[PDB]
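> This is the structure I have questions about; it appears just below.
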Amino acid sequence: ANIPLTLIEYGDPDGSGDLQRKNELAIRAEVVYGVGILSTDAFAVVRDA
Amino acid sequence: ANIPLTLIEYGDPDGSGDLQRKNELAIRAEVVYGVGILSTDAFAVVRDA
Amino acid sequence: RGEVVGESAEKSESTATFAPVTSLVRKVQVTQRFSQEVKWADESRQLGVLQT
């Protein structure tokens, strides 16, 4: 699923105080990815630890 | 710029508590003015002090 | 549930709760064993043992 870029005008969407109180706007975007690895052996890594 | 009289229904625009939590409404009007005085000598005042 | 509230009194939430329930799966079998003598007896004399 995907929530495309959208404008938030109300409440406190991030914890830093209310958007109507402090007279601000916020833009937000979201996406949700499903992710899986069928075997870790399908991959190798070049590294310098 | 000018924001004509509007109804706010969400969040807490003034610090008293959330509008949906307390079941309250708020109305807001807002304008921004630019102001400057070219010379203070263009004016005179009558006063009593 | 509904809540009774004053004029500027603070509102609460009360929400539906759900849970799943699941079936089991049961396999049932019947096996009947008989001598080939019984097949011969029935098919010759027309008893209807195999049909019953």
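Following the order of the structure tokens, chains are lettered A, B, ..., residues in each are numbered from 1, and ligands are numbered from 1.
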Which residues of chain A come within 9 Å of chain B, and for each one, what is the closest pair of atoms and their distance in Å to one decimal, counting only C-alpha atoms, sorted by chain and residue number, as CSV?


residue,atom,partner,partner_atom,distance
A:10,CA,B:11,CA,5.7
A:11,CA,B:11,CA,4.0
A:12,CA,B:11,CA,7.2
A:18,CA,B:12,CA,6.5
A:19,CA,B:13,CA,7.7
A:20,CA,B:13,CA,4.7
A:21,CA,B:13,CA,4.2
A:22,CA,B:13,CA,8.0
A:23,CA,B:13,CA,8.6

> Got time to write the residues from that selection, N, CA, C and O atoms, as an mmCIF file, in the first residue's frame?


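Dumped everything to out25.cif:
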data_model
loop_
_atom_site.group_PDB
_atom_site.id
_atom_site.type_symbol
_atom_site.label_atom_id
_atom_site.label_comp_id
_atom_site.auth_asym_id
_atom_site.auth_seq_id
_atom_site.Cartn_x
_atom_site.Cartn_y
_atom_site.Cartn_z
ATOM 1 N N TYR A 10 -3.665 19.952 11.038
ATOM 2 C CA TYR A 10 -4.270 19.934 12.373
ATOM 3 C C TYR A 10 -3.619 18.936 13.321
ATOM 4 O O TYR A 10 -3.000 17.973 12.895
ATOM 5 N N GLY A 11 -3.787 19.141 14.622
ATOM 6 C CA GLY A 11 -3.207 18.274 15.641
ATOM 7 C C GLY A 11 -1.693 18.418 15.744
ATOM 8 O O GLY A 11 -1.123 19.432 15.353
ATOM 9 N N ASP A 12 -1.027 17.390 16.242
ATOM 10 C CA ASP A 12 0.421 17.320 16.404
ATOM 11 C C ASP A 12 0.947 15.982 15.858
ATOM 12 O O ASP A 12 1.019 14.996 16.588
ATOM 13 N N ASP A 18 1.223 21.553 18.563
ATOM 14 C CA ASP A 18 0.106 21.525 17.618
ATOM 15 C C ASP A 18 0.302 22.480 16.422
ATOM 16 O O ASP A 18 0.816 23.588 16.562
ATOM 17 N N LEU A 19 -0.076 22.057 15.216
ATOM 18 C CA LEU A 19 0.078 22.819 13.977
ATOM 19 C C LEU A 19 -0.757 24.087 13.942
ATOM 20 O O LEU A 19 -0.315 25.081 13.389
ATOM 21 N N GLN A 20 -1.940 24.098 14.539
ATOM 22 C CA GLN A 20 -2.747 25.302 14.672
ATOM 23 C C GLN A 20 -2.243 26.172 15.816
ATOM 24 O O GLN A 20 -2.236 27.385 15.672
ATOM 25 N N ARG A 21 -1.757 25.605 16.917
ATOM 26 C CA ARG A 21 -1.160 26.396 18.003
ATOM 27 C C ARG A 21 0.082 27.145 17.551
ATOM 28 O O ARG A 21 0.169 28.349 17.744
ATOM 29 N N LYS A 22 1.046 26.447 16.964
ATOM 30 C CA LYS A 22 2.338 27.016 16.545
ATOM 31 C C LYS A 22 2.363 27.468 15.097
ATOM 32 O O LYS A 22 3.388 27.926 14.629
ATOM 33 N N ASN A 23 1.225 27.408 14.415
ATOM 34 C CA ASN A 23 0.986 28.036 13.127
ATOM 35 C C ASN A 23 1.856 27.525 11.969
ATOM 36 O O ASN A 23 2.496 28.267 11.232
#

> Enumerate as a short mmCIF file (atom, residue, chain, number, x, y, z; two decimals) with N, CA, C and O atoms, in the first residue's frame all residues of chain B assigned to alpha helix (DSSP H) by DSSP on the backbone, naming them with the chain letters and numbers the document uses.


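selection-v8.cif, freshly written:
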data_model
loop_
_atom_site.label_atom_id
_atom_site.label_comp_id
_atom_site.auth_asym_id
_atom_site.auth_seq_id
_atom_site.Cartn_x
_atom_site.Cartn_y
_atom_site.Cartn_z
N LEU B 19 -10.01 20.01 20.85
CA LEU B 19 -11.35 20.36 20.40
C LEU B 19 -12.25 19.14 20.26
O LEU B 19 -13.41 19.20 20.67
N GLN B 20 -11.76 18.02 19.76
CA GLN B 20 -12.53 16.80 19.68
C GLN B 20 -12.66 16.14 21.05
O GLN B 20 -13.71 15.58 21.34
N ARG B 21 -11.65 16.21 21.91
CA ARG B 21 -11.71 15.64 23.26
C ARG B 21 -12.73 16.33 24.14
O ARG B 21 -13.50 15.65 24.80
N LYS B 22 -12.73 17.66 24.18
CA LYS B 22 -13.66 18.47 24.98
C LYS B 22 -14.94 18.85 24.24
O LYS B 22 -15.81 19.43 24.85
#

> Could you please tell me, as a VMD selection string, which residues of chain C have an atom within 6 Å of chain B when using only C-alpha atoms?

chain C and resid 8 to 11

> Among region 1-48 of chain A, which ones does DSSP assign to strand (DSSP E or B) (computed from the backbone)? Answer as a VMD selection string.

chain A and resid 2 to 8 26 to 31

> Deliver the residues from the most recent selection as a file, using N, CA and C atoms, as an mmCIF file, in the first residue's frame.


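Result file follows (selection_12.cif):
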data_model
loop_
_atom_site.group_PDB
_atom_site.id
_atom_site.type_symbol
_atom_site.label_atom_id
_atom_site.label_comp_id
_atom_site.auth_asym_id
_atom_site.auth_seq_id
_atom_site.Cartn_x
_atom_site.Cartn_y
_atom_site.Cartn_z
ATOM 1 N N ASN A 2 0.291 2.384 -0.371
ATOM 2 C CA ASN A 2 0.952 3.661 -0.621
ATOM 3 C C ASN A 2 0.029 4.810 -0.196
ATOM 4 N N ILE A 3 0.503 5.743 0.629
ATOM 5 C CA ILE A 3 -0.156 7.029 0.894
ATOM 6 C C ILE A 3 0.672 8.126 0.212
ATOM 7 N N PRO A 4 0.235 8.684 -0.930
ATOM 8 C CA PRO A 4 0.995 9.686 -1.669
ATOM 9 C C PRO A 4 1.101 11.003 -0.902
ATOM 10 N N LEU A 5 2.049 11.857 -1.288
ATOM 11 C CA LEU A 5 2.377 13.096 -0.582
ATOM 12 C C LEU A 5 1.132 13.953 -0.319
ATOM 13 N N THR A 6 0.908 14.310 0.939
ATOM 14 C CA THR A 6 -0.315 14.971 1.389
ATOM 15 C C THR A 6 -0.048 15.958 2.520
ATOM 16 N N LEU A 7 -0.881 16.986 2.626
ATOM 17 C CA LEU A 7 -0.728 18.097 3.550
ATOM 18 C C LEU A 7 -1.561 17.842 4.804
ATOM 19 N N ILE A 8 -0.948 18.009 5.963
ATOM 20 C CA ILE A 8 -1.557 17.904 7.282
ATOM 21 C C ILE A 8 -1.615 19.308 7.883
ATOM 22 N N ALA A 26 2.529 20.551 7.862
ATOM 23 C CA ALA A 26 3.392 19.401 7.644
ATOM 24 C C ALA A 26 2.997 18.654 6.382
ATOM 25 N N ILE A 27 3.961 18.232 5.574
ATOM 26 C CA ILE A 27 3.718 17.315 4.455
ATOM 27 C C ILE A 27 4.203 15.928 4.840
ATOM 28 N N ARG A 28 3.423 14.902 4.510
ATOM 29 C CA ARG A 28 3.726 13.495 4.790
ATOM 30 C C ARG A 28 3.551 12.621 3.560
ATOM 31 N N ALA A 29 4.372 11.586 3.452
ATOM 32 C CA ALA A 29 4.234 10.479 2.519
ATOM 33 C C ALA A 29 4.469 9.155 3.258
ATOM 34 N N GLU A 30 3.773 8.088 2.873
ATOM 35 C CA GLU A 30 4.032 6.735 3.373
ATOM 36 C C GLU A 30 4.017 5.695 2.270
ATOM 37 N N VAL A 31 4.724 4.604 2.496
ATOM 38 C CA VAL A 31 4.628 3.387 1.704
ATOM 39 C C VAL A 31 4.787 2.206 2.641
#
